[PDB]
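Down below is the structure, laid out as structure tokens.
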Amino acid sequence: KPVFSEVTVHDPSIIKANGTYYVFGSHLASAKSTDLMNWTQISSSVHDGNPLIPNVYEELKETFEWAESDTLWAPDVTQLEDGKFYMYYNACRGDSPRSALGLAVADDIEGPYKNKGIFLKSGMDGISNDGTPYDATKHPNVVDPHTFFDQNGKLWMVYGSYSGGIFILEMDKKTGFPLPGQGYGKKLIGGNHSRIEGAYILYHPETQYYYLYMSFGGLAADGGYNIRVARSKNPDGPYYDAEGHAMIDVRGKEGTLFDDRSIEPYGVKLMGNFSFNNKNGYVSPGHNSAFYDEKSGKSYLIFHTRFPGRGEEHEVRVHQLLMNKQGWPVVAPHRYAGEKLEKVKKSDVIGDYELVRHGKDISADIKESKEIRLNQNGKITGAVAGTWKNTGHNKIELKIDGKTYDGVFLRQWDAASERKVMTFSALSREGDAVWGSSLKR
Ligand SMILES: [Ca+2]
Ligand SMILES: [Ca+2]
Ligand SMILES: [Ca+2]
């Protein structure tokens, strides 16, 4: 029987070193595991003695002073070619995009990290890093970085939260700082205080797309946080959703703040708030990272989540990512327990399921699963009427609610009944996800 050990790390950013997985999150929090199931908490908050930066208030004083905050927001740690660990740290006042983004470097992944300096600021009253006066409708909040190598070995950093949008900068592979002359870099999506943050870019060698993951909505339990994805053949875009909408054009209306209605039609929404059979479930799952394992070919979505009825409590969750026939990733409905893709036959997948329809909205509503049956005759009955078929090794196609969904079947552990179940997870061109988890073991 699978065993989990939980940790609390907001906005987890995954990195593997020395055969061990680490997550680095906000508030200088971190955790590690060798199996992605049993995590050990390393650090939890910004304070004297935090092992990652034990003198943090002195070490990063310029950042705390600029941001007028006593904590840190969502970092990234990335190993560069010198073998050292580069932490892109940031702080934000919280009520406005008054933020600083800097670089610290460690010899060892668990610290200590040493400050190399601030290299981006937002929320100044005056000249911004692009030379024009700072304007949060068009300039980023300098937080939430992800620094990554593309398949050509070029180093990039994508970043941003709300404010002027999500931007990407080309980075110096030797110093870890941005190449000169870029200002805030190139916009990928957003503007006008859109609720979009937590960018993360992952390349998949089979489809040869870069996937731009991002979180729409608000992180709190009333915020409707949801992970969405878009893709491009290039690390720096242009990024498109499954309807071919250009992410660069997605933003709230001029003169508005947090215009969710304008942005929610866009992107492929992978997961919102849900509860299978009203047992446990997730609320505002989001701010993800993602990992592709070259050895196994498996991919993983790593994120934090809140929970129905548990207020603002959050923990790290890991779900396997599968790849549908169209080259869009689908999230396995249950957390990772060591399971792998297998050949399924018709008798394996026929039967009753709990169905979650995540939809395409930004919504704080917790969506309850409803019962359907995948009948032997290829029809879906119960909560919805439709059709389905299994193709290839383990692909599913469903037709429901006027749409066609392409996805993948996967046997998983259900941690609410302590039993193995059959699942499917699929996506429509329209960008909404459906999950099924079988009533049968
Ligand atoms: Ca992040
Ligand atoms: Ca039920
Ligand atoms: Ca549409």
Side-chain angles (χ1 to χ4, degrees), residues 9-15 22-30 72-78 87-90 92 101 140-148 156-161 166-168 196-202 211-215 219 225 227-228 230 240-247 249-250 261-269 274-281 286-291 301-304 316 351-356 359-361 367-373 382-383 401-404 414 416 421 427-432 435-440:
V9 177
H10 208 84
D11 313 310
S13 203
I14 191 79
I15 175 174
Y22 290 86
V23 286
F24 292 87
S26 299
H27 311 117
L28 204 50
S30 64
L72 297 166
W73 281 10
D76 190 30
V77 173
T78 298
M87 177 185 292
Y88 295 82
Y89 66 78
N90 53 271
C92 175
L101 174 72
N141 187 190
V142 300
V143 300
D144 293 6
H146 174 211
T147 297
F148 67 98
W156 299 91
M157 180 185 71
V158 63
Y159 72 102
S161 165
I166 301 301
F167 288 73
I168 193 172
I196 308 179
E197 67 185 3
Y200 200 90
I201 293 165
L202 184 68
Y211 299 87
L212 172 62
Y213 293 89
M214 49 201 158
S215 293
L219 68 90
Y225 224 30
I227 293 164
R228 304 204 175 195
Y240 296 96
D241 67 16
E243 286 178 316
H245 301 312
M247 298 301 89
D249 297 317
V250 179
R261 251 71 278 157
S262 287
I263 66 169
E264 70 185 357
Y266 301 107
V268 180
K269 173 181 179 188
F274 71 89
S275 185
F276 281 111
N277 262 318
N278 193 45
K279 296 171 180 182
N280 305 326
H287 201 120
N288 74 281
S289 47
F291 184 84
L301 189 74
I302 301 93
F303 56 102
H304 67 70
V316 173
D352 299 324
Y353 288 77
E354 294 292 338
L355 176 69
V356 173
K360 250 287 276 279
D361 52 357
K367 298 178 182 175
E368 294 279 351
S369 69
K370 303 196 173 157
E371 301 188 6
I372 63 167
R373 178 171 184 86
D401 290 317
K403 288 174 287 186
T404 299
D414 171 34
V421 294
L427 288 167
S428 66
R429 186 170 96 193
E430 283 81 7
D432 67 290
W435 286 359
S437 190
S438 67
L439 273 59
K440 70 181 173 178

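In what follows, residues are counted from 1 in the order of the sequence shown. Basis for what follows: all heavy atoms, side chains included, without hydrogens, waters or symmetry-related copies. Counting convention: from 1, in listed order, for ligands and their atoms alike.
- Considering the Ca ion (ligand 2) as centre, the angle to OE2 of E371 and to OD1 of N277 is 160° (10° rounding).
- Taking the side chain as every heavy atom from C-beta outward, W435 and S369 never approach each other to under 4.5 Å.
- Closest non-hydrogen pair, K403 versus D432, comes out as NZ-OD1, 2.9 Å.
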Fill in: salt bridge (charged side-chain N to carboxylate O under 4.0 Å, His left out) between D241 and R228, worked out
CA-CA 9 Å; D241 67 16; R228 304 204 175 195; over 6 Å; no

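- Between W73 and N141, some side-chain heavy-atom pair lies under the 4.5 Å cut-off.
- When side chains are defined from C-beta on, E354 counts as touching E371, because their heavy atoms get closer than 4.5 Å.
- Between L301 and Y213 the shortest side-chain heavy-atom distance falls below 4.5 Å.
- Note that the CD atom of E368 and the CG atom of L355 stand 12.5 Å from one another [nearest 0.5 Å].
- Look at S369 and the Ca ion (ligand 2): no N/O/S atom of the residue is under 3.0 Å from the metal.
- The OG atom of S161 sits 5.0 Å away from the CG atom of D144 when rounded to the nearest 0.5 Å.
- Between the Ca ion (ligand 2) and the N, O or S atoms of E354, the shortest distance is to OE2.
- Side chains of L219 and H10 form a contact here, defined as non-hydrogen atoms less than 4.5 Å apart.
- Once rounded to the nearest 0.5 Å, the distance linking CG of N277 with CG of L439 reads 6.5 Å.
- Protein atoms that are N, O or S and lie under 3.0 Å from the Ca ion (ligand 1) are these: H287 NE2.
- Taking distances strictly below 3.0 Å, the protein N/O/S atoms close to the Ca ion (ligand 3) are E243 OE1, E243 OE2.
- Side-chain contact between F24 and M87 is present, with heavy atoms from C-beta onward closer than 4.5 Å.
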